[PDB]
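Taking it in order: structure first as structure tokens, then the write-up.
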6 protein chains.
Amino acid sequence: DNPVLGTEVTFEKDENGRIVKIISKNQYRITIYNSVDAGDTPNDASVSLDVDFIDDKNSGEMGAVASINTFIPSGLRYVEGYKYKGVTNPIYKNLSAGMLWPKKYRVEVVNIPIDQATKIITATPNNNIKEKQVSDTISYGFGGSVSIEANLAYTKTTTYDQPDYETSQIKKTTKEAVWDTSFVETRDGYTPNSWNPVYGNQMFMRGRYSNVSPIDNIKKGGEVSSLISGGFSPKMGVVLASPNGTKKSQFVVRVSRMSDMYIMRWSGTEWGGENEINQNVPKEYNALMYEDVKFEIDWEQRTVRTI
Amino acid sequence: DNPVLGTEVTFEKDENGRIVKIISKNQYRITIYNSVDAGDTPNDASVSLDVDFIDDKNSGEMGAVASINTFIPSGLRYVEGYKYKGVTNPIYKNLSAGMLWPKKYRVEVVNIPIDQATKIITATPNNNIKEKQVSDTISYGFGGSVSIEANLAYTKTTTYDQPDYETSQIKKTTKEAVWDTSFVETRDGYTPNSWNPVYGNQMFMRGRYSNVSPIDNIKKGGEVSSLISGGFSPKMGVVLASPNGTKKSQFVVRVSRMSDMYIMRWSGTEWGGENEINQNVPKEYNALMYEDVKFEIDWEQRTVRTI
Amino acid sequence: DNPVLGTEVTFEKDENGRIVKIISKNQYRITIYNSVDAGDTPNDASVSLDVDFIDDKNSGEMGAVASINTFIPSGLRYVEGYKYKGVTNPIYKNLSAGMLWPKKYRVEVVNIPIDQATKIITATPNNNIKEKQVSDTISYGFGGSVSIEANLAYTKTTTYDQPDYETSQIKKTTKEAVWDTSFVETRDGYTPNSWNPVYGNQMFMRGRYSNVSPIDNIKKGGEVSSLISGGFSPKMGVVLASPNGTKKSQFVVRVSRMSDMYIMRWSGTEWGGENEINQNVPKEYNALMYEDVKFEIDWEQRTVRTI
Amino acid sequence: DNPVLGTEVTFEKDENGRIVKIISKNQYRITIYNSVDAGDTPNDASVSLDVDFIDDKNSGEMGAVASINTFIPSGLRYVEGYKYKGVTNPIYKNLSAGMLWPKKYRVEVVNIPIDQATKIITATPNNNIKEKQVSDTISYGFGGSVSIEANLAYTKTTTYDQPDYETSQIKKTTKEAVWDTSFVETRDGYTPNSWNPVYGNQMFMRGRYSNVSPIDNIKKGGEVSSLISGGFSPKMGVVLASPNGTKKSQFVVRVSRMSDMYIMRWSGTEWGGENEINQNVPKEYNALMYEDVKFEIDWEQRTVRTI
Amino acid sequence: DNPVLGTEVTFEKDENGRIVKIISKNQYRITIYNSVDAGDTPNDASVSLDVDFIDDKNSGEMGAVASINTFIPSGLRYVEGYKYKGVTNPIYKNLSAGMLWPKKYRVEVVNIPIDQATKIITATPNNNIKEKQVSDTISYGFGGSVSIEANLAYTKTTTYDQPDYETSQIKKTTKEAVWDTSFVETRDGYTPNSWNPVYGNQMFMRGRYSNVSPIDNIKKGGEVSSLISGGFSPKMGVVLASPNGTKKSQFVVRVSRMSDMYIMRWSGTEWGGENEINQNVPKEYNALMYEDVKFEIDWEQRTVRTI
Amino acid sequence: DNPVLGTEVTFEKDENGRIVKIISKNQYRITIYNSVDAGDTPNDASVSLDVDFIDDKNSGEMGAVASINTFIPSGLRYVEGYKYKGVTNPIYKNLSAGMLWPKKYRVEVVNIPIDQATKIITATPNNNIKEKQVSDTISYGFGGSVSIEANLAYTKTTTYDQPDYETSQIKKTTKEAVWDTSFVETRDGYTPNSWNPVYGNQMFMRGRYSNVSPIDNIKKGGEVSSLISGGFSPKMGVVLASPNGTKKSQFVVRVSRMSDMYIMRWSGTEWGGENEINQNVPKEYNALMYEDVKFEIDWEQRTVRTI
């Protein structure tokens, strides 16, 4: 609720003349002072900060609602002949192919006070208690035949919504907020730790027996999560409260993408998949991107500038 | 919220007379300046840009919300006798027919600064964590007969919404936003990578054993996706933030469609289908459309003009 | 409802001149004075207090709606070789691994009067009577054969929503409110009190027979509750009513988490899970966090300051 | 609907001067005068009364809408070695354990007229006709075999919502209103009156054959009702109508909880549960809590003060 | 819709002075004059009448919307040893127990004209045509065996909502409106007219073979309808239209409560339930409550007073 | 939409004095002039007419929206010993009992012009095209055995809403509108024309073999339709249009109920039900109730008066 409160009326007059202009100004309790900026990164991960400063006369401290819109590209890379045998990586042989895919996204927003003790009040993406629907059923039954048959059955149905990527706020202090976004499972039900005795890992095994190129047997496009074919677009909101005399603050948004290597090999008879975790991928493929965009927030000028 | 804020009252007076006109003007925080233009392409792919400039007194930089309404025609082309044997292409023999269809659409919007560092803040079509519904049921059971029968069943039901085309935002920087929209699978559940060892690919087989013309046996009209019979109509939105003294900017919307060739052959006994990918289609059919519409955004005049 | 009520108009006049300014002020019954502060803790558990003081002309006692936004980190800790045999804790052997996870969250808010008898009126998170859906079916049946078969079945289906964590308000007085948030069960249906005679506790058994590291066999990320991988974010609201002459009050938000140790051991043939309760975990791992954030609420200055 | 009705404008003038202030006051039909107080009890059962006096010019009697928010703690107590044999209660033996739990909550609100005949008009928590869904299915069936099969089946599905606790308004007069809230059944379907020939009462029997402490075999936390692990928080509303000349009234909110003792005993082979009703529990455990909070309602001063 | 219509502005002036006060009054078409009163009865059945007089300038007759909020206690009475054999009534023997329960509620509102022909226009609780959902399925089927099996099934499913109590308006004239609310059935499907050849009527038979006291075998609390454990709370509305010169009217709300006696007897082996109807219950138990609350509605002073 | 249009300002002045009162009147396009009356009948069937005259300056004719609220009592009558044999009706023998119940309700509203051609424009209760839900399912099936199983099944599900009483507007002219409300079937599915070879008609046959009085074997209360236990309360609306010079009109609401006699006889072994249609019921029981209430509508005075 933002009532009109009062009105102040002033008069601009002519030289030794009557009133030639009437200026009315309505005084509102809440004033929205909006600024917005954006910044790219070497690996094309964009961060845009939109800060609305809340000039509130009925407040003891300055406040700012900041919306962070981030795009972290998935970096879905395809490499020919990746580890067909051992650690050998020839581009000639095409019996195996590797796909670098972003297993878990990381987002850090850091508040760096400069002149006054600016504090992070709340972060909009918060962990919620996810609930399931449980249906427990008892059934009895008797028969006549003509001997007598008795049946007793238990059933328990558990229904829940399973997202492809789970976003969890792993840290939230007055100076920094850190969110994780972990891959849970595919729409088929396969997980990064899944393993078949003969078929390996089948997260993105397009065909069980396909006479196609190893990349052509890797799911891509609409068959995978939109955060794997495209990128991660987390909408975030941080409420900053700072003393009344604040001049400048710093806001560092750190984006980190850790990618694993889905290896699609062709054995003598059957296809196979192996998930090589981030810490095992060779450094030549840059499986861990850790980049940052820095903004300066001028509370007096009420501006956001990519510094 | 856009309150009235203040009012300014001026008086137009007659020659040595009283007040003959009173002009009141309410001063609003938000002013919307709407402009819209459109542009065609050689293959009739239209791009319309509707930019609302947000004149904000409570802002440190100019902003513009631009809605892109695009029509990229499917280019659904029918070719007689397409590759009945090898790479031979007679128009005479009608035992086979080719259908050029748009597997993947690609739309790029490019921000080209001229006078000031105009930046792309947010692109409305964003990748979302699409979730499925999982129901797990465990059922026990006992019997009486009259010996004793025991039953145990595990059930896992996964329910999800699968669109015909999946739109994924593959790039988003301060200067360029790229969306891709790829074909996922047909209404019945065939995919471009599907293969029947005796029937081939059945994405668009109207009849399994049909004594009709090869084109007459290819699904068309309402039996295929509206993006195949008609065209792609992506609604897009980009928020541009530029310094206060900005004069002129450029906005290039690039439309790209990659079309594959559904080859529908008639064998000795059965019908057959083969999906020839975009890079294998001969250049004479123009399987890859890559064209652009350029707009000039006058931030001072608050206009959009197709250049 | 907050109507305009009346208006007071005053005139600012020049020195021996006419009215050069008209100041109108609308007198509202309800006035909101918003203050907000935040405070961290040694183990990065943040507490933010947002107090809206309700200046009510139609009230005999001052009121304040205080929203507490808390982040209590899960403290999900991984320890190598945790109690492979007895109480021996080598970091060398990796046949077992312990995971410290927060079973029970505890949040206390304490109202400490200083000058006047400030009282807690209500606390927004309240215990609610959760209802289940019961469906009872009685089925008869007759047969013809050709002797005569008779069937009679009774079925009772119970459906309810089961949250991963149950939040219960265990105490609510005029001076302090205490909430618990206890782990109920995982999505798969295992509880800390569950026990398989051959497999132990399987709350976080990623694989029954997996040739992986013990940590890799412990469920983490999106496979567990967001309050286990990330942290607890309880949104809370307390209504404080105090006499008209109140100057200062104190508000102590106490956050406590009790963490248990899920032990994943590797036996000769099968994995095994054992949940060591909080009171049995050695003190070296800090299984019980109990920390506080103190705020001073100035009812005259209408501010909240972390003290 | 609360229209503005009229407005009264008065002028504050200077000493032998023009109008220096204009005071406008809008006269509304409905005026809300809000007061709120709270009071604790020796067993920490808080009662908060929030009375909104309705100054209505179009009325012949004063009215007050009072919202009562009470917290009655469950008093969930655990006692070692409760009645292992006979009435012997040693703390040494831990083959049995008793749980004092709140079967039934009782809330009385008493209106005590002092100066005028203050009357209770209505009480918001009212008994509602609970409806179920009945589905009657009649099915015929014939068979062909090749003799002739005849089948006839009747099914009756009864679906309803069963709360854990049922709140019933057992009394409502002009001077006092009494609500009861009795335990109906557990989420599993067990009731205080349930009895197995060998397994006893299984309302809170966590494990059927568990080698754990008797308390560890008693359901607690999220496995029980929130009114058992935490407390009862009933939101209540009473409309009071009193003559125009009323000065002071009294409002006594009486909170009562009756607790049973769920006894978990360990027999030679199996666990056992016994529900000892309130009148049988020894007085040393205080199975019946009966407290009251008194408020004085000043209709002239329009205040509520805990007396 | 209640528009502002016109405004009347009057000026209160000082003695030989300028205007010292301006009184504006908006004249609305519809004015609501609210009065409310309440009255108890010897058997603690409260009736509260809240009459809103609608002063309508655009009307030829006075109108009043009266809301009746009633509480008729269930009178759930337990009698020891009620008619174990014949009509003998010992309090000593406890092989049987009687429960007086409110089968049927009756509510009369009587309009008694005094000065003018006051009439009842509409009564809010009206009989509605309740609809059921009927699904008819016809199923054919053929078999292959390898002789040929043919199946034909007809199924009819009828789904409807069955309340525990059905409220029917049996009378509605210009001077008297009578509603009846009769018991239909319990949640388990038992009716007062139900009868088992050996088990009797099982409306409130808690245990089929239970070694408990007869009262302990009678369903009570949340296991029965809220109108049986608690009381009936009918919300009612009557529209009264009377000539313009009406001064006083009378409104008699008559509450009637018909109770039956449910008998739980203990035979040699099995329990037994018998419902003794209202007209057979001895007069000493007061099975038919018939009480009234009289109100005087002063249309001139626009008040309601219990007379 | 009813905009304020203009405002009309006049001044009441004192004798040789300044302006003492300012009269403002806002001129609205739509003016609602409300009148309401009601009338009873010898058999207590009440009819209430609530006419809102629409004084619309932007209209060429007077209009009136009339809401008719009628209560037609069911007349559910119980007669002892009705037609046990032949046409003999002794009150002594109680082997049979008859119940007079309202099968079909009739409502006529008649427009009788007096001075001008008053016309009925529309009647709110109108016949709607009732739609059902049809589900057609084909199922194929093949088996492996190990001979070969072939299955083919048709299913057709028809789902619809069946109310107890069907209301139909059987006539609608400019001078009279006639609605019918006929009984369709009970919740059990029995029809007035339903007939069993041995059990007769079972619409209200409470017990198949019940050793009770014949009335006690007849369904009553909540087991029957609310229009049978209580009465019919149809909400109706008629739009009347009249010339600008219309002075007085007449509105006659005729209410008619046709009652049948459900006879419950006790044969040697089984109960039996017979539905005696309205034209066969003896005239002594008044099976056809047909009354009328007349109202005079004064368009100048804009009043409704029962004549």
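So you can find residues: chains in the structure tokens are A, B, ... in the order shown, residues in each start at 1, and ligands are numbered from 1 in order.
Proximity to residue 68 of chain A at 9 Å, evaluated using only C-alpha atoms and with sequence-adjacent residues fewer than 4 positions away removed, yields residues 47, 48, 49, 50, 51, 234, 235, 236, 237, 238 and 253 of chain A.
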Would you list, as a PyMOL selection string, the residues of segment 141-219 of chain D that end up in strand (DSSP E) under DSSP run on this structure's backbone? chain D and resi 141-143+150-163+165-172+176-183
Could you jot down the atom CA of residue 186 of chain A to atom CA of residue 109 of chain A separation for me, Å, one decimal place?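 One can read the atom CA of residue 186 of chain A to atom CA of residue 109 of chain A distance as 28.7 Å.
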Considering only C-alpha atoms, return as a list in words whatever protein or nucleic-acid residues lie within 12 Å of residue 250 of chain D, sequence-local ones (same chain, fewer than 5 positions apart) excluded.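 Within the cut-off, the hits are residues 49, 109, 110, 111, 112, 113, 114, 115, 116, 117, 118, 119, 120, 175, 176, 240, 293, 294, 295, 296, 297, 298, 299, 303, 304, 305, 306 and 307 of chain D.
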I want to know what sits within 7 Å of segment 4-7 of chain A, based on only C-alpha atoms, with residues of the same chain fewer than 6 positions away left out; could you give that as a ChimeraX atom specification? /A:24-28 /C:23-26
With only C-alpha atoms considered, list every residue of chain E at most 8 Å from chain F, as number ranges by chain. E: 4-11, 58-61, 119-122, 126-146, 158, 160, 165-174, 182-184, 241
Let's have the selection written as a short mmCIF file (atom, residue, chain, number, x, y, z; two decimals), in the first residue's frame, with N, CA and C atoms.
```
data_model
loop_
_atom_site.label_atom_id
_atom_site.label_comp_id
_atom_site.auth_asym_id
_atom_site.auth_seq_id
_atom_site.Cartn_x
_atom_site.Cartn_y
_atom_site.Cartn_z
N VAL E 4 -22.32 7.58 -4.89
CA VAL E 4 -22.30 8.72 -3.97
C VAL E 4 -23.57 9.55 -4.08
N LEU E 5 -24.18 9.61 -5.26
CA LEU E 5 -25.33 10.48 -5.54
C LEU E 5 -24.88 11.91 -5.25
N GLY E 6 -25.65 12.70 -4.50
CA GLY E 6 -25.35 14.10 -4.28
C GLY E 6 -24.67 14.38 -2.95
N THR E 7 -24.29 15.65 -2.79
CA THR E 7 -23.65 16.15 -1.58
C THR E 7 -24.35 17.43 -1.15
N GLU E 8 -24.60 17.55 0.15
CA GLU E 8 -25.20 18.74 0.73
C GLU E 8 -24.16 19.43 1.61
N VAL E 9 -23.90 20.71 1.33
CA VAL E 9 -22.88 21.48 2.03
C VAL E 9 -23.57 22.59 2.81
N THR E 10 -23.33 22.63 4.12
CA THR E 10 -23.86 23.67 4.99
C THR E 10 -22.69 24.38 5.67
N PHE E 11 -22.95 25.60 6.12
CA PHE E 11 -21.93 26.44 6.74
C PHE E 11 -22.38 26.84 8.13
N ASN E 58 -34.88 4.87 -2.74
CA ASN E 58 -35.52 4.32 -3.93
C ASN E 58 -36.32 3.06 -3.62
N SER E 59 -37.22 3.15 -2.65
CA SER E 59 -38.05 2.01 -2.26
C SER E 59 -39.37 2.51 -1.71
N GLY E 60 -40.42 1.71 -1.90
CA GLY E 60 -41.74 2.06 -1.42
C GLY E 60 -42.08 1.46 -0.07
N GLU E 61 -41.22 0.58 0.44
CA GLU E 61 -41.47 -0.10 1.70
C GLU E 61 -40.17 -0.35 2.43
N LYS E 119 -43.99 -8.84 6.33
CA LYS E 119 -44.02 -10.07 5.56
C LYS E 119 -42.61 -10.63 5.40
N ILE E 120 -42.52 -11.96 5.34
CA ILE E 120 -41.27 -12.64 5.05
C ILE E 120 -41.15 -12.81 3.54
N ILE E 121 -40.11 -12.22 2.96
CA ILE E 121 -39.93 -12.25 1.51
C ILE E 121 -39.17 -13.49 1.07
N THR E 122 -37.97 -13.69 1.62
CA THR E 122 -37.12 -14.80 1.20
C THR E 122 -36.41 -15.36 2.42
N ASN E 126 -32.56 -22.67 1.31
CA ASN E 126 -33.60 -23.16 0.41
C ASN E 126 -33.25 -24.55 -0.08
N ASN E 127 -34.29 -25.34 -0.36
CA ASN E 127 -34.08 -26.67 -0.90
C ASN E 127 -33.53 -26.57 -2.32
N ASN E 128 -32.45 -27.29 -2.58
CA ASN E 128 -31.79 -27.27 -3.88
C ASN E 128 -31.88 -28.64 -4.52
N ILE E 129 -32.01 -28.66 -5.85
CA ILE E 129 -32.07 -29.92 -6.58
C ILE E 129 -30.65 -30.47 -6.67
N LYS E 130 -30.31 -31.39 -5.77
CA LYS E 130 -28.98 -31.97 -5.74
C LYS E 130 -28.84 -32.96 -6.89
N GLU E 131 -27.72 -32.86 -7.61
CA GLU E 131 -27.49 -33.65 -8.81
C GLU E 131 -26.44 -34.72 -8.54
N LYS E 132 -26.58 -35.85 -9.22
CA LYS E 132 -25.63 -36.94 -9.15
C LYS E 132 -24.94 -37.13 -10.49
N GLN E 133 -23.79 -37.79 -10.47
CA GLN E 133 -23.00 -38.05 -11.66
C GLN E 133 -23.13 -39.53 -12.01
N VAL E 134 -23.66 -39.81 -13.20
CA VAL E 134 -23.92 -41.17 -13.65
C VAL E 134 -23.02 -41.46 -14.84
N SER E 135 -22.22 -42.52 -14.73
CA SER E 135 -21.34 -42.96 -15.80
C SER E 135 -21.76 -44.36 -16.22
N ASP E 136 -22.11 -44.52 -17.49
CA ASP E 136 -22.54 -45.80 -18.04
C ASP E 136 -21.49 -46.28 -19.03
N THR E 137 -20.96 -47.49 -18.80
CA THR E 137 -19.94 -48.07 -19.65
C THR E 137 -20.46 -49.37 -20.25
N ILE E 138 -20.31 -49.49 -21.56
CA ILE E 138 -20.66 -50.70 -22.30
C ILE E 138 -19.37 -51.24 -22.90
N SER E 139 -19.01 -52.48 -22.56
CA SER E 139 -17.74 -53.04 -22.99
C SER E 139 -17.97 -54.35 -23.72
N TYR E 140 -17.41 -54.46 -24.92
CA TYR E 140 -17.36 -55.70 -25.68
C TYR E 140 -15.95 -56.27 -25.63
N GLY E 141 -15.83 -57.55 -25.96
CA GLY E 141 -14.53 -58.17 -26.01
C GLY E 141 -14.51 -59.51 -26.73
N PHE E 142 -13.42 -59.80 -27.44
CA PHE E 142 -13.27 -61.05 -28.18
C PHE E 142 -11.94 -61.69 -27.81
N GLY E 143 -11.87 -63.02 -27.93
CA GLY E 143 -10.69 -63.76 -27.58
C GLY E 143 -10.19 -64.61 -28.73
N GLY E 144 -8.93 -65.00 -28.63
CA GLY E 144 -8.30 -65.79 -29.67
C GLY E 144 -8.00 -67.22 -29.28
N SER E 145 -7.67 -67.44 -28.01
CA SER E 145 -7.34 -68.77 -27.46
C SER E 145 -6.21 -69.35 -28.31
N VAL E 146 -6.40 -70.50 -28.96
CA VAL E 146 -5.39 -71.12 -29.81
C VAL E 146 -4.10 -71.38 -29.04
N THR E 158 -22.77 -44.45 -10.02
CA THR E 158 -23.48 -43.27 -9.56
C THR E 158 -22.72 -42.65 -8.39
N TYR E 160 -22.32 -39.30 -5.78
CA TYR E 160 -23.04 -38.18 -5.20
C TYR E 160 -22.44 -37.84 -3.84
N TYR E 165 -26.13 -34.81 7.91
CA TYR E 165 -27.44 -34.22 8.18
C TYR E 165 -27.92 -33.50 6.93
N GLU E 166 -29.19 -33.66 6.60
CA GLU E 166 -29.80 -33.00 5.46
C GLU E 166 -30.76 -31.93 5.96
N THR E 167 -30.51 -30.68 5.59
CA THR E 167 -31.33 -29.55 6.00
C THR E 167 -32.32 -29.24 4.89
N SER E 168 -33.61 -29.33 5.21
CA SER E 168 -34.67 -29.10 4.24
C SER E 168 -35.64 -28.06 4.79
N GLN E 169 -35.95 -27.05 3.98
CA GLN E 169 -36.92 -26.03 4.35
C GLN E 169 -38.31 -26.59 4.08
N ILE E 170 -39.02 -26.97 5.15
CA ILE E 170 -40.34 -27.58 4.98
C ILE E 170 -41.46 -26.56 4.93
N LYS E 171 -41.24 -25.33 5.39
CA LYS E 171 -42.30 -24.34 5.36
C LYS E 171 -41.71 -22.96 5.13
N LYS E 172 -42.38 -22.17 4.28
CA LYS E 172 -41.95 -20.79 4.04
C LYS E 172 -43.17 -20.01 3.58
N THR E 173 -43.74 -19.23 4.50
CA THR E 173 -44.85 -18.33 4.20
C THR E 173 -44.43 -16.90 4.54
N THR E 174 -45.38 -15.97 4.42
CA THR E 174 -45.12 -14.58 4.76
C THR E 174 -44.99 -14.35 6.26
N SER E 182 -32.51 -33.52 9.38
CA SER E 182 -32.63 -34.89 9.84
C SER E 182 -31.34 -35.66 9.60
N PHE E 183 -31.05 -36.59 10.51
CA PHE E 183 -29.91 -37.48 10.35
C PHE E 183 -30.12 -38.39 9.16
N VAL E 184 -29.10 -38.50 8.30
CA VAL E 184 -29.19 -39.34 7.12
C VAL E 184 -28.46 -40.65 7.37
N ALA E 241 -40.09 -7.44 4.56
CA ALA E 241 -40.58 -6.24 3.91
C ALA E 241 -41.87 -5.80 4.61
#
```
Tell me, in Å to one decimal, how far atom CA of residue 95 of chain E is from atom CA of residue 257 of chain E.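 Computed distance, atom CA of residue 95 of chain E to atom CA of residue 257 of chain E, equals 28.3 Å.
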Which residues come within 10 Å of residue 192 of chain A, counting only C-alpha atoms, excluding same-chain residues fewer than 6 positions away, as a list in words?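 Near neighbours after the sequence-gap exclusion: residues 103, 183, 184, 185, 186, 201, 202, 203, 260, 262, 274, 275, 276 and 277 of chain A.
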Between atom CA of residue 263 of chain D and atom CA of residue 93 of chain D, what distance in Å does the model show, to one decimal? 14.0 Å
Residue nearest residue 204 of chain C among C:285, C:290, C:271, C:251 (counting only C-alpha atoms):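 Closest to residue 204 of chain C, using only C-alpha atoms: C:271.
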